[PDB]
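Asks:
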Amino acid sequence: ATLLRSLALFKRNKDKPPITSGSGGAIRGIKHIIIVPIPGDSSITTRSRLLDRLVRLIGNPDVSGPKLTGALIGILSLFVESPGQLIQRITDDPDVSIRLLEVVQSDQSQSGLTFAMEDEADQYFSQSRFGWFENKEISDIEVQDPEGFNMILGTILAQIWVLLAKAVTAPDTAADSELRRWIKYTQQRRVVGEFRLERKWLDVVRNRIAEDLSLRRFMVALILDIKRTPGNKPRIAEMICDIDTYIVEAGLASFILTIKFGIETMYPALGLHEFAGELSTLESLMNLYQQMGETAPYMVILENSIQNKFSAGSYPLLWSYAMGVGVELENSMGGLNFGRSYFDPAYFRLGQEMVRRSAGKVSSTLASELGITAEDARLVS
Amino acid sequence: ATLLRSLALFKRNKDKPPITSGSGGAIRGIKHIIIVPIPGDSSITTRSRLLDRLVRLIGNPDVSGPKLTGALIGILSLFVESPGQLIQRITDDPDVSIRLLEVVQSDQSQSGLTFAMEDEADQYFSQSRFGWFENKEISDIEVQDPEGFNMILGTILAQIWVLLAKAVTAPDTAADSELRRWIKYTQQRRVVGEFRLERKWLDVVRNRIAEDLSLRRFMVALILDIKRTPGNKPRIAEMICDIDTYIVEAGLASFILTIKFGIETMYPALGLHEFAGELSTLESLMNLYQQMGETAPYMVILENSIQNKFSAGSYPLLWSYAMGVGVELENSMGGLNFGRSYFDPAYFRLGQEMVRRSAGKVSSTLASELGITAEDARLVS
Amino acid sequence: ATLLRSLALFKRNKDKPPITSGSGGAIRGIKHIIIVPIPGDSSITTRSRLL
RNA sequence: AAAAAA
RNA sequence: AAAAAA
RNA sequence: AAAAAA
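Protein chains in written order, with our numbering: chain H, 58 to 438; chain W, 58 to 438; chain V, 961 to 1011.
(1) Ignoring anything shorter than 3 residues, give me the beta strand (DSSP E) runs that lie fully in the segment 169 to 244 of chain W, in order along the chain.
(2) Tell me, please, whether the CB atom of residue 440 of chain W is closer than 9 Å to any CB atom in chain H?
(3) Return no unless some Cβ of chain W is closer than 9 Å to the Cβ of V:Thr1006.
(4) Any C-beta of chain H within less than 9 Å: which residues of the segment 302 to 329 of chain W qualify?
(5) Does the structure place the segment 182 to 196 of chain H close enough to the segment 113 to 130 of chain H that three or more beta carbon pairs sit under 8 Å?
(6) How would you list, in chain order, the residues of chain W whose beta-carbon sits under 7 Å from the beta-carbon of H:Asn344?
(7) Three Cβ pairs or more, each shorter than 8 Å: is that satisfied between the segment 187 to 202 of chain H and the segment 77 to 84 of chain W?
(8) CA-CA distance, H:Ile293 and W:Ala224?
(9) Taking only the alpha-carbon atoms, compute the straight-line gap between H:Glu191 and W:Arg146 and give it to the nearest angstrom.
(10) What does W:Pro118 touch in chain H if you count any residue whose Cβ is under 9 Å from its own?
(11) Does DSSP classify H:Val161 as helix, strand or coil?
(12) Do you know how far the Cα of H:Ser99 is from the Cα of W:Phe275?
(13) Checking 9 Å against the spacing of the C-beta atoms, do W:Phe312 and W:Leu342 come in under that value?
(14) Identify the contact partners of V:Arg988 in chain W, using a Cβ-Cβ distance below 8 Å as the criterion.
(15) Starting from the beta carbon of H:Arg246, find every residue of chain W whose beta carbon is closer than 7 Å, and list them in chain order.
(16) Buried or exposed, going by whether 16 or more other CB atoms sit within 10 Å of the CB of V:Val996?
(17) Would you tell me roughly how many angstroms separate the C-alpha atoms of W:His89 and H:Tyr372, rounded to the nearest one?
(18) Measure the CB-CB distance between W:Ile84 and H:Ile283 and report whether it falls below 9 Å.
(19) Alpha carbon to alpha carbon, what distance is there between H:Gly97 and H:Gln165?
(20) Mind checking whether H:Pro402 and H:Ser377 have CB atoms under 9 Å apart?
(21) Can you find a CB in chain W that lies within less than 9 Å of the CB of V:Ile979?
(22) Which same chain residues end up closer than 6 Å to W:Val249 when comparing Cβ atoms and leaving out the 5 residues on each side of it in sequence?
(23) W:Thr422 and H:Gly428: beta carbons closer than 9 Å?
(24) Run through DSSP, which three-state label would residue 6 of chain H get?
(25) Strictly below 9 Å CB to CB, what residues from chain V border H:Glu426?
(26) What does the alpha-carbon distance come out to for the pair H:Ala424 and W:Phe67?
(27) Would you mind stating whether H:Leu339 and H:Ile316 have Cβ atoms separated by less than 9 Å?
(28) Is there a Cβ of chain H sitting closer than 9 Å to that of W:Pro151, yes or no?
(29) CB-CB under 8 Å to H:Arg406, same chain, minus the five flanking residues each way: which ones, in chain order?
(30) Tell me which residue opens and which closes the alpha helix (DSSP H) that W:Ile283 is part of.
(31) Could you tell me the boundaries of the alpha helix (DSSP H) in which W:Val93 lies?
(32) For a contact defined as C-beta to C-beta under 7 Å, what are the partners of H:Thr430 on chain W?
(33) W:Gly86 bridges to which residues according to DSSP?
(34) Suppose the cutoff is 6 Å on Cβ atoms and the five residues either side in sequence are ignored; what does the same chain contact list for W:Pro140 look like?
(35) Compare the beta carbon distance of H:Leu272 and H:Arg265 with 9 Å and say whether it is the shorter of the two.
(36) Can you tell which of H:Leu143, H:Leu107, H:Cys298 and H:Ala416 has the C-alpha that lies nearest to the C-alpha of H:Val219?
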């Protein structure tokens, strides 16, 4: 009686994150500078030419690590006026000091851009291995009207933000899926259809986003800044806050799914005592998921320290049950790979059979809600 | 017991929109100016000649993007006195700065309008490819009496506001349907019957409204301003607030419909455990639909970020069930296309059969409301 | 059980008219004058001849 | 994203 | 770590 | 003191 109250407080502080008082500057990463080219002026011509040079900058093999990181941050912030104030607002990272150099257009330079310095600029910005748009009839995207820039910018960013959904979880599998989101934005007339980048260009970005952590911290934390914008967003932000729904819980699909099929379906095989403790583990992780705040759905994009805590190994039987339930109830979850060292297939087939036995077997915990008679429950069977 | 209370709070903040505190001017779109010609004076003669020049301005192939946007905003606000104060009241858009130039009539100009500047004006305003009224006996609509203008203005606006209903959802299918609303307003004597524009004129507007977002934000947000007008509206506003009923939830017909046929019919195949969680997903989206306020029904006209949340993919089984129910119960919903990658036809035919089995099978949850006997329920069968 | 209470509030605000706070003189129609002849005096003879 | 709605 | 989601 | 846990 007093054991169960002591047990409930024992389990919730075991999952509870340690309260981060802080070490007063003790643990600080050594910072490497990242060269972020930001347009010098508000005019469209500069934004357009910098977007032209940064897109082909990324494709070449020659570019190093943080040169590719700053070129990506260079175009993930071209949609705002004053991109320099956007970067310093977002970078709460300890490992990275962003030094950001303004880029103004020029007449004398080979690339057409100088730094606000004409040969150091082209040394920054500069045939089968070069990545580009997949229809090679387009050589230069430099445009003049700003809505022609704003459509050619979202066509580039909607092919980079969709990579973040499936960069840490399924890089190999991913190329099949981001073409479906490309059909979504082409048919919505959000993006321009002929400017689809090569898979070779995107494999440079996708193996970059998967590799470094400092780019995934920037990309998550600006999405969390896009989401906070009060009014109607600018039309690139209202697209970046459209792609994010594919990134929200991108890798918690052994926990989000278990809750969806184990807990919520409420088959009578939850009153097993074998599950009676792994519900109490899982009711704490549901309470923990808003204790983590709004950075909770991105805890495996960001590689947070407590995505080990939402792992299915702490509830391996109730996970396998909700694997068994969700194979029949989804034609999509048949494509889900779930192979782990704690799989327990005995439970999985017990959870498969609960779906099959109760096929036309209208419940008792939702029939009193409606008033289902024995006359009515036979008609469903 | 305490699991289900933790589960209910876990599901409602998962759907809950992030509270928009704001980034303090961090994310601001680069603004392109849009040339909006507004009549210089209150007199009818100017309004009439500007409406004449803006209607033929739209038809020609030569007009660019935002020149077509400002010409449309130029005529979507001719019905008010002081159209300049209407535009600044509505444009809460970050992507668009409306600069609006007054237009006064002239004797010396070729078009007949100057800017309050005689050659820059006709350079703004100016044979098979030109779009016009479908009966070519009418060349000029310039009229003098103001009720002859107010009827020739509503005849133009009731052919543009009906495009917004089916511009983002069914542009190809749409031309069959807006002729039915044209019969509605002709038989109500709301519009003048001989001034029907070409489909070639309307295809310029419909492929414009579908393309840009900044025109759909203006058209929605003034409808929300028409709706707020306290007394009896002016007779164009009482027509724009008549067309809007065709635009309210124009594209949520996988959610509005599911609720109408899945939830509300209350067949005994809702006590399935396969649906018992997708009711709780769908009871949050019903609570979310007024948490979004009065801009909720337009969330797919405006391409809001959380029309992915009312998508049927989060409840794909209970959607397919309400697809199965609604095919028999409507001779209209047989024309509904519902083809998605999450369709699950097993459920669809389970929802088709619940309509067919309970044909003459008066319920138990509404018979106690009336007092239906076994004598009376046999008479319905 | 709590679905039906959420359903009943969902259907009544869908039909509910939007509360007309007002746009503060933003949407005003252009007014055309209408000539209304009204009798000058209370006497019956004028009312009769105007009718 | 899709139907119908004086 | 893996699926699907206008 | 013993296992497993992206």
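Even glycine gets a Cβ: it sits at the ideal position worked out from N, Cα and C.
Replies: According to the structure shown:
(1) For the segment 169 to 244 of chain W, whole beta strand (DSSP E) runs of length 3 or above, ordered along the chain, are 170 to 172.
(2) Residue 440 of chain W lies beyond the range of chain W shown here (58 to 438); nothing can be said about it.
(3) no
(4) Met323, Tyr324, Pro325, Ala326, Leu327, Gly328 and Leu329
(5) yes
(6) The contacting residues are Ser63.
(7) no
(8) 20 Å
(9) 44 Å
(10) Result: empty, since nearest Cβ-Cβ is about 17 Å, beyond 9 Å.
(11) strand
(12) 25 Å
(13) yes
(14) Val137, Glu138, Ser139 and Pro291
(15) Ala267 and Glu268
(16) The Cβ neighbour count for V:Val996, taken over all protein chains shown within 10 Å, is under 16; the residue is labelled exposed.
(17) 55 Å
(18) yes
(19) 17 Å
(20) yes
(21) yes
(22) Closer than 6 Å at Cβ, skipping near neighbours: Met208 and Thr212.
(23) Yes. Within cutoff.
(24) Since the first residue of chain H shown is 58 and the last is 438, residue 6 of chain H is not available in this structure.
(25) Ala961, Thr962, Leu963 and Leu964
(26) 24 Å
(27) yes
(28) At a cut-off of 9 Å between beta-carbon atoms, W:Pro151 makes contact with chain H.
(29) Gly381
(30) First-last of the alpha helix (DSSP H) with W:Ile283: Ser271 to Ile283.
(31) Boundaries for W:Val93: no alpha helix (DSSP H) harbours it, while the beta strand (DSSP E) harbouring it runs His89 to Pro96, taken from the DSSP string.
(32) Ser421
(33) H:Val137
(34) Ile95 and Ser134
(35) Yes, the pair counts as a contact, with Cβ atoms nearer than the cut-off.
(36) Of the listed residues, the one whose Cα sits closest to H:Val219 is H:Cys298.
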